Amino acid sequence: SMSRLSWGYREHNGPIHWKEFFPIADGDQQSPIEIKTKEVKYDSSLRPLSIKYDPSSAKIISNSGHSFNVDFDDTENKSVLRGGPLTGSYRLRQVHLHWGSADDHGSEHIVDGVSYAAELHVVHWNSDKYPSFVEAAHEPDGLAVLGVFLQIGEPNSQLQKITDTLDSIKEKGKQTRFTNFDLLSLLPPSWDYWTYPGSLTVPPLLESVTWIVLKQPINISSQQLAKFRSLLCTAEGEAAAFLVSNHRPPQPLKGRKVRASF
């Protein structure tokens, strides 16, 4: 029961099957990717990242069945990403997390054969050119996603505000008010990054993303990370399954180059 609404990460509907309903899964700019550092193009024309996140932008946290979503008010330019490889201003919309079944893997991007325990995605859209997230999502330059690796280490109290909420939203489709979220404090100290043209890592897998993957990981404890696997991918009433893993394997580069800021 894989379909154009019923995709997932289980055996019958996981990544291997997404192509059945989203043929672009086999496209030439699919994400995520293994970054081979020896092959990175160190580009002196890449600018520093400019990041401004207003803690009051966050409105709600939700269980989609595929991850947790922190959703932000994107009607104003309070929370925006500029610089790096980007032209103009990209407005903050959504935060996701990806993880695997155990702490030794779970990230979407892989760096020199190494997988991190999880990966945070910060999703933004080009509001200087496009009227809306929906319109931007189907343009090559419409979206910018900031990726941050999570490694097992000392408990991160920055993750605590999110993990404290996870019982509220256990069932697929539950949401809770979630505000005064200091996203910028969750980022690592250094904003050195890789960048490449790609796609959404989930259906519908649109090739509209400028990926900006931060070199420096942040921490998560094993017991924090296990909270996310207690989320259900099934709705209230239906037969319970856990969201034990929600990452897409790396995809073919097909001529693309990864550029480094550093």
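From 1 onward, residues are counted along the sequence shown. The term rigid core refers to the most C-alpha atoms you can superpose between the two forms while keeping them within 1.5 Å.
*Asks:* Comparing 192 to 200 with 40 to 48, which has C-alphas lying farther from the shown form in 8 other deposited structures of this protein once the core is aligned?
*Replies:* Relative to the shown form, the greater RMS C-alpha distance in 8 other deposited structures of this protein belongs to 40 to 48.
*Asks:* Do the CA atoms of 226 to 234 or those of 191 to 199 have the higher mean B-factor in the entry?
*Replies:* Of 191 to 199 and 226 to 234, the stretch with the higher C-alpha B-factor average is 226 to 234.
*Asks:* Which has higher Cα B-factors on average according to the PDB entry: 112 to 120 or 150 to 158?
*Replies:* Averaged over C-alpha atoms, the B-factors run higher in 150 to 158.
*Asks:* I'd like to know which of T87, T75, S79, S127 has the highest C-alpha temperature factor in the PDB entry.
*Replies:* Comparing C-alpha B-factors across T87, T75, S79, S127, the top value belongs to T87.
*Asks:* Report the option among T210, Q29, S50, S62 whose CA atom has the maximum B-factor in the deposited record.
*Replies:* If I rank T210, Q29, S50, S62 by C-alpha B-factor, first place goes to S62.
*Asks:* Taking the values exactly as deposited, rank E39 by C-alpha B-factor within its chain and report the matching third: lowest, middle or highest.
*Replies:* It falls in the middle third of the chain.
*Asks:* Please say which third, lowest, middle or highest, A240 falls into when its CA temperature factor is compared across its chain.
*Replies:* Its C-alpha B-factor, which the entry lists for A240, ranks in the highest third among residues of this chain.
*Asks:* Relative to the other modelled residues in the chain, which third contains the C-alpha temperature factor of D141: lowest, middle or highest?
*Replies:* Lowest third, going by the recorded CA B-factors of the chain.
*Asks:* State the tercile, meaning the lowest, middle or highest third, of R93 with respect to the CA B-factors recorded for its chain.
*Replies:* It falls in the bottom third of the chain.
*Asks:* Using only modelled residues of the chain, where does the Cα B factor of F133 rank: lowest third, middle third or highest third?
*Replies:* Middle third, going by the recorded CA B-factors of the chain.
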